[PDB]
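J.: Provided hereafter are the protein sequence and its experimental coordinates.
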Amino acid sequence: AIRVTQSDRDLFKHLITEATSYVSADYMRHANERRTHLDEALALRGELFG
Amino acid sequence: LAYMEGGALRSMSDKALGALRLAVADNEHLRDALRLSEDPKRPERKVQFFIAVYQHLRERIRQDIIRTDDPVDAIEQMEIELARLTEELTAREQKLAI
Amino acid sequence: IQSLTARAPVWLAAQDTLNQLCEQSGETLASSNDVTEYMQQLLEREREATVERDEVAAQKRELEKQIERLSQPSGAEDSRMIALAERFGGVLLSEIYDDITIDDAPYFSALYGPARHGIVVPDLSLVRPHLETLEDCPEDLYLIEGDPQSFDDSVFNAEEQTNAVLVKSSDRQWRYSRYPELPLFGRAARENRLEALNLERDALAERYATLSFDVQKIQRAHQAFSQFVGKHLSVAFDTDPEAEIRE
Amino acid sequence: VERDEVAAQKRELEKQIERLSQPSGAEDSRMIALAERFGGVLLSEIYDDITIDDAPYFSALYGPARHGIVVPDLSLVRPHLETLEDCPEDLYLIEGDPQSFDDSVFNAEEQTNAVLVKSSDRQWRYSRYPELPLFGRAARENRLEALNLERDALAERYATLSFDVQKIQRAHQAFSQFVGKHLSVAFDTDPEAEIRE
């Protein structure tokens, strides 16, 4: 039993970690890109109007 | 992660993908999804890959001994099982027979 | 803004770990002192669950020992008795009465009393030289003389009474035995009773499994909180930087 | 955890000592009632004062019959026998003078650390020397005191562990307060130099 459960735990713990990091990092990078786009739009808008 | 520059984020993403390629080598469904995920112009594909991974894990939980549907929560139960089984392994030594 | 920005990521990591930790528990934490008092409640639950675990363990040990006494070969004080049975030209009495029915089993068990598990040896003088060597034996060994193959009822001054038996063991000595239930002799249905005991012990094993699992859960919860405070208090429960940066 | 462990063992010892109900080492009161119901006396009560040196020998000699009533008549029991239901499942009775109890009929022969008794026709019984014999009790106060010594050792160990835990908790509270009120400035440099600049 200890052998089987050891294998299952190792598989779960490694695969879940890699999937989570790979997905979440890209998700946050998109969030930051959108923030940068909004900041650029507002800055250029402001100085253009003024 | 909100307080980091994009270069570090990309470094982590790339190294994670490097690990994933090896982890997912044998499976085909997950391999197809991961393949589809790497075009930057279609973000939802990555979350779809994540959903595929979670569903695939949920089928393998073996609920005979476990009940949580979320795998991340199932890790703690595997840890508890390891501790308990290692404790049961200790000794009895009442050995005497014909 | 620079100070707040440098401080922010640490506070955010700490908050994520804290939220995960308290959500994992039933109670919600709000301060250092609160976390400490929760530590104490966790210790109390440890030391209660452990007591129930140990008590059930004691019952399980008793059950296995009881089952084991009824096992083999003809359930008896088997540790030494089998060797003691062959080292003399004799046969174990309980083995001679292996086949007796359930109706006569209580009668015979009352009749033979402590001597149920003695050995039959037809001379009892051939043991006299061997006897001095017996340093490894039950504290009270019983020997009977008769034909092991067709052993006649040992001459007892026996007398049947209502649900009991009277016997004169010696001049100026009498023994009075009340009919027991589920006796030694008749080791055909005594397997029936050990079957009942197996059914009983299954439940104890199951319950003990659950209790041990619970104790391990509590111990790991304490480990998690200790790890947390080791890595976390420097910024725990501080004010949110997102708000102040926005301001 | 350790102080709880010691408390559990001390409970076990206290339970064992409590099991020495009366006078020092429990004796079944039901047997006293039975000895009252028939003219006679409990055998252990007759030999409760014999020397500790010979006590194991006597206990080996009597075997299961150690707990029994000395009834010199045996005529009172037989009519009352079918009336006995609360009695111990294996009741033992012996005939002799309770006041001056002559040696019971045993064809007893003494072996190295053991006794051999020809109980009946075609029956011998063999027994080895035990400890804590039922006879020669003399209250066996020395065993009660040995158990008391063990119990007091456990109590002392428990006391030390409780004291230690109290110390540790006090240190913990001190640190909690410190990080509650000085952590923000802990390990920083002296501001006087900067003020001078």
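T.: On my side now, so go ahead. Numbers count the residues shown, from 1 in each chain, chains lettered A, B, ... in the order given.
J.: State whether residue C:158 is indeed within a strand.
T.: Yes: counting by DSSP: H, G, I helix; E, B strand; the rest coil, residue C:158 is part of a strand.
J.: all helices of the chain, in order?
T.: Chain wasn't specified; assuming chain A. Using DSSP state H, the helices found in chain A span residues A:2-49.
J.: other chain: chain C
T.: Assigned by DSSP H, chain C shows helices spanning C:2-24, C:32-69, C:78-87, C:93-96, C:105-112, C:127-131, C:190-232, C:241-246.
J.: Out of those, flag the one nearest residue D:142.
T.: Nearest of the helices of chain C to residue D:142, taken as CB to CB: helix C:32-69 at 29.1 Å. Any C-beta I mention is one placed from the backbone N, CA and C, and that applies to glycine too.
J.: which ones are touching residue A:46?
T.: Counting by CB atoms under 8 Å, 6 or more residues apart in numbering or on different chains, residue A:46 touches no other residue.
J.: Could you do residue C:32 as well?
T.: Going by CB under 8 Å, 6+ apart, residue C:32 touches C:233, C:236, C:237, D:176, D:179, D:180.
J.: quick one: the closest residue in space to the first one that isn't next to it in sequence from residue C:16, how far?
T.: Counting by CB to CB, 6 or more residues apart in numbering or on different chains, residue C:233 lies nearest to residue D:179, which is 5.5 Å off, once chain neighbours are set aside. Here residue D:179 is placed at a distance of 20 Å from residue C:16 (CB to CB, to the nearest Å).
J.: for residue A:16, same thing?
T.: Separation of residue A:16 from residue C:16 (CB to CB): 17 Å.
J.: the more surrounded of the two?
T.: Per other CB atoms under 10 Å in any protein chain shown, whichever of residue A:16 and residue C:16 has more neighbours is residue A:16, with 17 against 10.
J.: Quick check, that one in contact with residue B:72.
T.: Yes: the pair residue A:16 / residue B:72 is scored as a contact, 6.3 Å apart, by CB atoms under 8 Å.
J.: Around residue 25, how many other residues sit close by?
T.: Looking at chain A here, since you left the chain open. 22.
J.: wait, chain C
T.: The local packing of residue C:25 (other CB under 10 Å) involves 13 other residues.
J.: what secondary structure does the spatially most distant residue from the centre of chain B sit in?
T.: Here chain B reaches farthest from its C-alpha mean at residue B:98, the gap being 50.4 Å by CA atoms, centre = their mean. Using three-state DSSP, the structure places residue B:98 in coil.
J.: thought it was touching residue C:79?
T.: No: contact criterion CB under 8 Å: residue B:98 and residue C:79 do not qualify, at 9.9 Å.
J.: hmm, back to that, burial of the nearest residue to the residue farthest from the centre of chain B once chain neighbours are set aside, as a residue count?
T.: Leaving out its chain neighbours, the residue that sits closest to residue B:98 by CB to CB, 6+ apart is residue C:82, at 5.6 Å. Residues near residue C:82, counting by other CB under 10 Å, number 18.
J.: Kindly report the same for residue C:203.
T.: Residue C:203 is flanked by 11 other residues according to other CB under 10 Å.
J.: on that earlier part again, include distance to residue B:76 when you put the helices of chain C into TSV, please.
T.: TSV is the format used below for the helices of chain C (distance: least, CB to CB, whole Å):
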stretch	distance to residue B:76
helix C:2-24	8
helix C:32-69	16
helix C:78-87	45
helix C:93-96	53
helix C:105-112	53
helix C:127-131	64
helix C:190-232	7
helix C:241-246	30
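J.: which residues touch the closest residue to chain D within chain A?
T.: When scored by CB to the nearest CB, chain A has residue A:2 as its residue closest to chain D, at 24.7 Å. Shown in contact with residue A:2 (CB under 8 Å, 6+ apart): B:82, B:85, B:86, B:89.
J.: Ok, residue B:80 next?
T.: Neighbour list for residue B:80: C:213, C:216, C:217, C:220 [criterion: CB under 8 Å, 6+ apart].
J.: picking up where we left off before, from the contacts of residue C:32, which two are the most distant?
T.: Counting by CB to CB, the most remote pair of these is C:237 and D:176, 12.4 Å apart.
J.: how much space between the most centrally placed residue in chain C and residue D:176?
T.: Centroid-nearest residue in chain C, with CA atoms, centre = their mean: residue C:61, separated by 1.3 Å. With the distance defined as CB to CB, residue C:61 ends up 42 Å from residue D:176.
J.: With adjacent residues omitted, what lies nearest to residue B:54?
T.: Counting by CB to CB, 6+ apart, the residue nearest residue B:54 is residue B:71, at 6.9 Å.
J.: any idea how far that neighbour lies from residue D:53?
T.: According to CB to CB, residue B:71 stands 73 Å off from residue D:53.
J.: With residue C:9 instead?
T.: From residue C:9 to residue D:53 the distance is 82 Å (CB to CB).
J.: what number of residues lie near residue B:61?
T.: 18.
J.: repeat for residue B:75
T.: Under the neighbour criterion other CB under 10 Å, residue B:75 is assigned a count of 15.
J.: any idea which element it lies in?
T.: Following DSSP states H and E, one finds residue B:75 within helix B:71-88.
J.: rewinding a little: from the contacts of residue A:2, keep the buried residues only.
T.: residue B:82 (16 or more other CB atoms under 10 Å in any protein chain shown).
J.: filter the contacts of residue A:2 down to the ones close to chain A.
T.: Among the contacts of residue A:2, the residues within reach of chain A (CB under 8 Å from any CB of the partner chain) are B:82, B:85, B:86, B:89.
J.: what's the closest non-adjacent residue to the second one?
T.: Leaving out its chain neighbours, the residue that sits closest to residue B:85 by CB to CB, 6+ apart is residue A:2, at 5.0 Å.
J.: surely residue B:78 meets residue A:1?
T.: No: counting by CB under 8 Å, residue B:78 sits too far from residue A:1 to count as a contact (11.5 Å).
J.: Which one's more surrounded, the two?
T.: Remark: of residue B:78 and residue A:1, residue B:78 carries more neighbours, 19 against 11, as counted by other CB under 10 Å.
J.: Report the contact partners of the more buried one.
T.: With contact set as CB under 8 Å, 6+ apart, residue B:78 has these partners: A:5, A:8, A:9, A:12, B:66.
J.: Distance of the nearest residue to the third one once chain neighbours are set aside relative to residue A:20?
T.: The spatial neighbour of residue A:9 that comes closest, neighbours along the chain excluded (CB to CB, 6+ apart), is residue B:78 at 4.2 Å. To residue A:20, residue B:78 is 17 Å away according to CB to CB.
J.: can you check residue A:32 too?
T.: 18 Å.
J.: and if you look at residue A:6?
T.: From residue A:6 to residue A:20 the distance is 22 Å (CB to CB).
J.: now do residue B:61
T.: According to CB to CB, residue B:61 stands 17 Å off from residue A:20.
J.: repeat for residue C:240
T.: Computed as CB to CB, the residue C:240 to residue A:20 distance reads 25 Å.
J.: tally of neighbours for residue C:110?
T.: When neighbours are defined as other CB under 10 Å, residue C:110 has 25 of them.
J.: Identify the residues contacting it.
T.: C:164, C:165, C:177, C:178, C:179, C:180.
J.: possible to save these as CSV with neighbour count?
T.: Below are those laid out as CSV (neighbours: other CB atoms under 10 Å in any protein chain shown):
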residue, neighbour count
C:164, 20
C:165, 21
C:177, 22
C:178, 18
C:179, 16
C:180, 13
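J.: Now intersect these with the strands, please.
T.: C:164, C:165, C:177, C:178 (DSSP state E).
J.: From these, pick the one nearest residue B:2.
T.: residue C:178 (83.4 Å).
J.: what sits against that closest one?
T.: So residue C:178 contacts C:110, C:163, C:164, D:85, D:87, D:89, D:90 (CB under 8 Å, 6+ apart).
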